[PDB]
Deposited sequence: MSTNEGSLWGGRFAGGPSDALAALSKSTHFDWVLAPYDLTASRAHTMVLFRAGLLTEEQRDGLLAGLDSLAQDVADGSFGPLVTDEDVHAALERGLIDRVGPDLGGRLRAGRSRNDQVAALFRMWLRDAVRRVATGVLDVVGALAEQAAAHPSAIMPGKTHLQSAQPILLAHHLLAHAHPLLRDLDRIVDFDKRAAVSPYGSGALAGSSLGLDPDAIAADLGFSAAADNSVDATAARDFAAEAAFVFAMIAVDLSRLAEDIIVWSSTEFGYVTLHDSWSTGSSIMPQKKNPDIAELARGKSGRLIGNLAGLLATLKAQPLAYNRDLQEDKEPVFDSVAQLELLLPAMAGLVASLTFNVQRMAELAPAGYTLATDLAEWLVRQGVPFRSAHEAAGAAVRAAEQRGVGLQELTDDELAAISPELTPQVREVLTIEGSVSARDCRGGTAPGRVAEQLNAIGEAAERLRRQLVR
C-alpha cells in the first residue's frame, strides 16, 4: 500500500524512494493523533462505535501519543509518511480488528489538508513570537538611545539628521505590518476541510461544524473540492514568511554597513559576531539574514509555480506544498532570535554619529526651509542657502559659525533666529509633525509601537 493507494504487487524501488516524507513530516504526528481522537468521537456520535470500542481506540491513541512524544515510537524504513506510520502504530496497540474500525469514513485528502493547516496555525504563532522579539530589541535600543543623532540616509548619502531611535523604529513598523498579515492570514487558515472526504463530501452523516470546533478551527469548509484541492493558504503563509525575511534583510543591510570600519556607527558584541586585531568583527548573523531572505523568496516562487495550472481536485503535486513552508518556518525560527539578540547586543558610537550628521553642509537644507516658512519663495530660499554654503566653504567654517554680518549680507530675511536650526539638535527638533524625527514625536511613536504590538499579540491569542 502507498498513500492508501494499492498495488497488485508492490511499488518499485525508485517509486518507494520518491514517495518518502518521513524525514520531514514527523512534526505532523501530534496533530495526526489529535485528529484521530476527533474522528473516534465522530464514529461514536454516529453510532458507529460502542462505548468500549471508543474507549479502546482512545486508550490506543493515548499510548501511541505517549510513545511518539517520548521518541520510542518512530517510522519504519518502509512507512511512506507519518500517517502510514501512525496507522501501523495504532494497529500494533489495538489489533487489526479495532484499528480497522477507525479507518471507516476516513480519507487522506481532507486529513492531509487539515493537519497542514493545524501545524501552520501553530507555526505562524512561533514566528509571531520571534517577530515580537525583534520589534522588542529595536524598541529597547530606541528607548536606550533616545537622543543620539545620526545622518539620515537616502541613496547611502547623508541627507537630514535623524534620531537614531527614529531609524531603529523604522525597522519595527514593517515587522508590525507582517504581524498584521499573520493575523489576517490566521482567519483564512482557520477553516477546516474535515468531512470533505476524497473530494465530494462525506457520505457518513457526520457534522463538519462539530469536528472543526473539536480541532481548533473557526469554521468548516463550504466546498469539499476546494477544501481538498486548494493550497493558497500555504502560498499566503509562504508570502508572509518571505516578506518578514525581506524586512529583516533591510535591517541586516543597515547593521552590515554600520559595522564597517569606514562607518564605525556600531560595534558588534563578541557573542553575536565572528572573527588583524580584536577590532575585526564580522556581522555574520546579519549576512545570513541577507542570504536567507533570498532563499525564502525562492520557497515562495517555487510554491506558486507548483500550484500553477493544476486541474481540480487533489493531485500528488500537492505533496510538494509542505517542504517549502517547513523550510521557511525553520529558517525564520533560527533567524528571528539571532536577529533580536544581534540588535540587542549592539553598541552605538554616538560621537562618531554626531560628527557625521552635519557633514557636507546638510543643514543648508534646514536653512532654506526655515526661510520658506518666513515667507521667502523657494528659489530665493535655495539661492540664499547655496550662498551661505559658499560663504562658509570659503571662510572654512560651519553654517552656524557664520556671523550676523554675513547672514544679513546673504539676505535681510536671515534673522539670527535661523541659528536655532543650524545645529543638529535644532534641526531634529524642527521636525515635529506626526512621524517626524523630533524627540517629542519619536517618544509618542515608540509608545504607539508598544500598544500596536500588545494589540496584535492579543488578536493572535484570539
{"property": "Unmodelled intervals of the deposited chain, in order", "result": "1-6, 282-283"}
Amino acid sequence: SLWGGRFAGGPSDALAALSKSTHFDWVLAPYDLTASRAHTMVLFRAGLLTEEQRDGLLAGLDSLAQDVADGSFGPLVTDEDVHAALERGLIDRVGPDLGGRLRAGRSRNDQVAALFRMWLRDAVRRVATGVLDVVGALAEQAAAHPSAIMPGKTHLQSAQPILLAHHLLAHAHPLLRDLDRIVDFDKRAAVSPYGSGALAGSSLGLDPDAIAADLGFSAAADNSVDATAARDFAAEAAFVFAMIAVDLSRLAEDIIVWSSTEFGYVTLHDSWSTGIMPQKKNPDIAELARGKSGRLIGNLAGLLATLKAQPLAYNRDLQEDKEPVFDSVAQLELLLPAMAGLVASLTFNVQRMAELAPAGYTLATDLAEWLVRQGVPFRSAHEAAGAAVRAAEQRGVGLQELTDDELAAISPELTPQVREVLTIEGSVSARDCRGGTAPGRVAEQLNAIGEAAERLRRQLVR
From here on, numbers count along this sequence of modelled residues.
| query | finding |
| --- | --- |
| Other compared entries missing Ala219, a third or more | no |
| Missing coords for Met277 in a third or more of other PDB entries | yes |
| Which of 315-323 and 171-179 has higher mean CA B factor, as the PDB entry lists it | 315-323 |
| Between 276-284 and 74-82 (mean CA B-factor, as deposited), the higher | 276-284 |
| Out of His382, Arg188, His155, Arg250, highest CA B-factor residue | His382 |
| Per the PDB entry, maximal CA B factor within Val428, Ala65, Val397, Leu28 | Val397 |
| Relative C-alpha B-factor of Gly89, binned into the chain's lowest, middle or highest third | middle |
| Modelled-residue ranking by C-alpha temperature factor, third containing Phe233 | lowest |
| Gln351 - Cα temperature factor, lowest/middle/highest third of chain | middle |
| Relative C-alpha B-factor of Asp366, binned into the chain's lowest, middle or highest third | highest |
| For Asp184, the third of its chain into which the C-alpha B factor falls | middle |
